[PDB]
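Working notes for the structure below.
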Amino acid sequence: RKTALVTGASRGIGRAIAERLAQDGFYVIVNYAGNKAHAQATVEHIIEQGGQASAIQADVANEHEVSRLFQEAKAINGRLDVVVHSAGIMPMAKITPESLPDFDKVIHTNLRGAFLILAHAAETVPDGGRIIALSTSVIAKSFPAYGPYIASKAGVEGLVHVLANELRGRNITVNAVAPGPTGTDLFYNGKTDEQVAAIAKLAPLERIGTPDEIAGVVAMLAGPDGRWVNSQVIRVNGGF
Amino acid sequence: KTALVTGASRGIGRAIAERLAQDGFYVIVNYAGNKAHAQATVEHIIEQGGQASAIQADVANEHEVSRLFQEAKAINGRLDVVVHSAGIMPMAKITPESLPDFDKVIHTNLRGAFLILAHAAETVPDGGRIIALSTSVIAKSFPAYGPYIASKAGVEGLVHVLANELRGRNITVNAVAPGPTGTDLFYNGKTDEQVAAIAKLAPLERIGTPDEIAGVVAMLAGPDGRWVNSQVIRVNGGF
Amino acid sequence: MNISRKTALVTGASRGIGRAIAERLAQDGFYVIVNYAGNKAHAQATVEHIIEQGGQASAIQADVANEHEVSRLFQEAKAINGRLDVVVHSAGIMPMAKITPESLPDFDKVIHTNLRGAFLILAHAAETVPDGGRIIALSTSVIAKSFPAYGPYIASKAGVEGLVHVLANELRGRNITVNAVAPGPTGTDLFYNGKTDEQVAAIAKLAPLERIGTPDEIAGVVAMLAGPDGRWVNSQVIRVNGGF
Amino acid sequence: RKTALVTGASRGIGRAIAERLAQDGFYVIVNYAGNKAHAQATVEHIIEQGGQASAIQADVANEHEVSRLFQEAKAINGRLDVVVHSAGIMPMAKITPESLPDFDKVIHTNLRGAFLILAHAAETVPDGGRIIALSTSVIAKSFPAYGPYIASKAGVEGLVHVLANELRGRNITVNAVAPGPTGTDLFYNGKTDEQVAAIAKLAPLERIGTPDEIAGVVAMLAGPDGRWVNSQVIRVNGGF
């Protein structure tokens, strides 16, 4: 039985990824940053559905907590076959001097965090393993106030491509999944139906994509059908 | 549910047809010239427990494609998935002497794609999927690949536009872009040194198989591909 | 050897972007061959505008998608000064047609004029441009938007870009750059005469600069690519669209 | 009277850009980080050839030094028409935990620095001005050990596109120039005759690109022929 670590699996896309990987037969480490309640709910949903999982706290941007995370994750089953990095933040801030704090925070959490996870994955994933990062489709649109977020995720994609090359000879694929707007609980919670309808109309399929539809592409990349997909950023956005 | 696969006689097209049959689709194996390999594909599908049938059609001939789609949809009254894999890849540098070759590739690869996509746009139901095969070599722009790259870049353009034109029909349009794959043909015309040289190009350091391409096609044709739309997915082991 | 003036051939130079390219290249010191397809009047107007401004130019008829007329075009154009330093391929059509069986004629036409035409020009350029010369094709920025009814056009221009990249590699050792310029919507006389003011305003707002780009603004990038500042730019598609 | 600020103008591409902009009629602020000697050499060559320039020290990643840089630069002629951000570093480090210091360094100097310069440029450049960042062509190749550098420059490109959108209504273009390897003195001093020969055969033009060949594209973007070029990353690499 193969083991998968999923960062940011307490809610939303990360939770959907963790639950789908558990359904696919992976033992899932549900990594979370702060309050364990949602993470333990993820673990319990996995166990009730017939899978195995356990939760580990770690801030992905804290090098010491990441060192511990990977040791503790390896302690469970002695192996780390798949690593999926979904944890990140998306604050809004225009490219102005006053936004410098927000910028630093996003870079710290999304990009440095990604580096940490990827770096440790590169050291611990076995031959034949898989490393998957979550990027974003909004990189293609360059919307105002998304500067810091887009910068962080573009950096992540760059790291993904380089790492795919650096792991030559280990038969380890490195890819990214870049979702568009996704119908998480948080997404719906902050929006009126009119706002939802406008976002739905942005895609030619004219609806809101679900977290499970993102997790399905992650599951492809983690499984046998993803054996020959390497150094790719797959945008999952309904055509938007 | 029914899937039509063009160029399904051998290689990547055959692997696609067989995997889709294994995923539960009734498969129309479309072929160009000699039936034999197409019927072998049909028989392998039936042998493994699936349903399939073979139909002849030149993808670049409007009348033969119109007939292909009328007949394919007539089998079960539906054409849920259309996969366009048929194409040719001749080598010719960009010189006036290559004009015949250029015309040929554009005719088979680009006009062909236009036809298939067009008829797919007319016949696929709500919730269906349209998938074209492009190529990863677009990224490298190697000498003598000019005509081939031009045809396939045009195909990708059609894919994105069609994805937008089918707004309101709930139909995804995507492309899969393989690198070199270990077909039977790939192996018959190469020495072991050539194969070894190609194997080292990918960071995974081996030769990709047709089944590894068919797996991504199957993702796009199945439940996990519902929210993938207007994408060109390159499947090349990282090369 | 050759003390004749540096020469540029510009296809589709009768009007619009092609005309602006021809006039700007003449201002930069090129003898300009104004290639046109059908009615000479506008092509001769381009030539006369060039000559009134103190440049040298002459007009040659050829349909860029006709191999025989293109063979003649290059024989005659190179004969003027014994050289063809720069080749700019601007000629093309942009009809609207959705991806449907009934659109097949239109598709065939666009592919024929835009892509096969490009192939001919590029191919002949590859045979005639000297070491240090420049080959520039015109593509389109609309490739990025994949608008409905632009399928055939986008397919044709994406094919052109593919040819550009390959040709840049095939001319290794000849020191010949091959590039494309991809304009967004441009304020040609045709553009303004066929658009309502509300349509014009809607298109103007698409770019962050909130205006309609001019043909001279496209020609300026072409001139960069054809001159000393473009020496190290090779195998690029430069989108000139005001940020849209 | 028209003014251009060039960061990293002490040597190499930045110097070539400063000298070309001066030759094009700009008053040039030669910004440097530490090495005053070379910055004054630039400033001098400009004055020697008939131009006007002056040097200003600032570490582009220091918010206070950058605020001062822009205050002082704008004070010279009361205007700052063009801003070109060329300053950056390119250390080699694979994606492993031990590389975290190098990573942190590059992100700080290349990306946070870019954020600062662009942010202040967006505040100080007049309507009709130009903002040009320097990226890199190596993003296309994702070579091993280039991970951190590529991540930083990919982030810069993201910021460029977003800023182009955020300055809607101000008539300010934001672009990047992405050079390949260039025949700097730094480039040549660490290389053998055969190494140079091998690099020279990478491009189809089969030679080494010069800093002036990059500066010519920057100058196009800063001048009348660049009025309609916006939100673009122009790769200047001889076709490699």
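In what follows, every chain begins at residue 1, and chains take the letters A, B, ... in the order their sequences are listed.
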*asked:* With chain D as the partner, which of C:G213, C:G242, C:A168 has the greatest number of non-hydrogen pairs under 4.5 Å?
replied: C:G242
*Segment of C:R211 engaging chain D (4.5 angstrom heavy-atom cut-off)*: both
*Should the heavy atoms of other residues, nucleotides or ligands under 6.0 Å from CG of D:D193 be counted, would the total exceed 12?*
no
*asked:* So which residue, D:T210, D:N237, D:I214, ends up with the most heavy-atom pairs under 4.5 Å with chain C?
replied: D:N237
*So which of D:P204, D:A215, D:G216 has the largest heavy-atom pair count under 4.5 angstrom toward chain C?*
D:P204
_D:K201, NZ: over 12 other non-hydrogen atoms inside 6.0 angstrom_ = no
*asked:* Is it the case that atom CD in D:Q52 sees more than 12 heavy atoms from other parts of the structure closer than 6.0 Å?
replied: no
*Tell me, yes or no, whether the heavy-atom count around C:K78 atom NZ, taken from other residues, nucleotides or ligands under 6.0 Å, exceeds 12.*
no
_Proximity of residues 167-190 of chain D to chain C, residues having a non-hydrogen atom under 4.5 angstrom_ = D:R168, D:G169, D:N171, D:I172, D:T173
*Given that the side chain runs from C-beta out, which part of D:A203 has a heavy atom under 4.5 Å from chain C: side chain, backbone, both or neither?*
both
*Considering heavy atoms only, which positions within residues 222-235 of chain C lie below 4.5 Å of chain D?*
C:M224, C:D229, C:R231, C:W232, C:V233, C:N234, C:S235
*Which one of D:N165, D:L205, D:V233 has the most heavy-atom pairs closer than 4.5 Å to chain C?*
D:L205
